[PDB]
Amino acid sequence: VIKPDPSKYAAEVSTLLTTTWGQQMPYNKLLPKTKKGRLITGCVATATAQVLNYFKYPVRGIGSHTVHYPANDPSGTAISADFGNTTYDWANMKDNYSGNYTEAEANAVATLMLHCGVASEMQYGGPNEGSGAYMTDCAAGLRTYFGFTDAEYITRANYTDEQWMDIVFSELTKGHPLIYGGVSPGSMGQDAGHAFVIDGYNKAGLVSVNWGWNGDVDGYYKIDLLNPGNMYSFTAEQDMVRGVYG
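The opening position of the sequence shown corresponds to residue 112 in PDB author numbering, with each subsequent residue numbered one higher.
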């Protein structure tokens with residue numbers, strides 16, 4: 112496990128995010144209900160949501176867009192987001208929705224989750240089925256609909272460990288949390304894949320992670336393992352969207 116050189120980067124970066132969010136109520140409040148329960152926001156959305164909240168930015172989005180549930184159904188339901196006319200209510204983004212809250216506060220995050228989802232071409236789904244998108248479309252969406260013209264997608268595939276971590280440290284050092292994805296290899300190519308935020312590191316070279324499960328099993332982890340409570344372990348096909356900040 113490679114360690115942060117303090118003559119190049121900061122000696123450590125303590126957990127940046129203050130949100131401890133997830134994919135269900137009230138984050139999904141504005142998504143359709145179904146007979147298999149209400150649609151969930153998606154890991155990509157929840158992770159993007161959290162980072163955008165960190166910067167409380169942009170004030171307002173750019174344009175509009177719609178996706179449909181079920182995904183490629185010729186007559187599915189419209190799930191639309193008008194970024195252009197939405198002034199995001201950052202003030203009412205509670206750090207933790209596990210308690211009670213005003214509706215104002217519910218709608219605050221419910222919209223961000225919606226929009227982030229829509230902006231990534233989310234294929235929405237139920238609690239059992241899940242909602243997924245592609246990190247690549249997430250980048251594209253951030254640029255187009257959120258105004259992050261520097262947002263950029265990259266895979267760990269194309270970088271040696273030293274180079275990858277250089278970016279990880281330098282970005283965290285600059286105070287920029289990272290949207291980050293990886294997949295946990297299945298027993299017969301039945302892979303499981305997830306998106307989350309990396310919001311720090313320590314002298315030891317471990318990383319602070321916010322998985323977006325209402326802050327469950329959140330904490331400092333090894334970037335090569337990423338193994339929350341030994342249920343899963345996200346090693347393969349790691350990737351990120353950098354260039355997200357004010």
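Ideal Cβ positions, reconstructed from N, Cα and C, are used throughout, including at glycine.
| Check | Outcome |
| --- | --- |
| Looking at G237: is its Cβ nearer than 9 Å to the Cβ of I151? | yes |
| Based on the DSSP output, what are the partners of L289 in its beta bridges? | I309 |
| Express the C-alpha separation of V170 and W201 in angstroms, rounding to a whole number. | 8 Å |
| Take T247 as the anchor and find which of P137, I190, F345, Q349 has the nearest alpha-carbon. | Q349 |
| What is the DSSP secondary structure of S231, counted as helix, strand or coil? | coil |
| If you reduce the DSSP assignment to three classes, tell me which class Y165 lands in. | helix |
| When the Cα of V294 is compared with those of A121, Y245, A122, which residue comes out closest? | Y245 |
| Output needed for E263: all residues of its chain with C-beta closer than 7 Å, excluding positions within five of it in sequence on either side, in chain order. | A250, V352, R353, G354 |
| How many Å lie between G195 and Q301 at the Cα? | 39 Å |
| So the beta strand (DSSP E) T266 belongs to, where does it begin and stop? | 263-266 |
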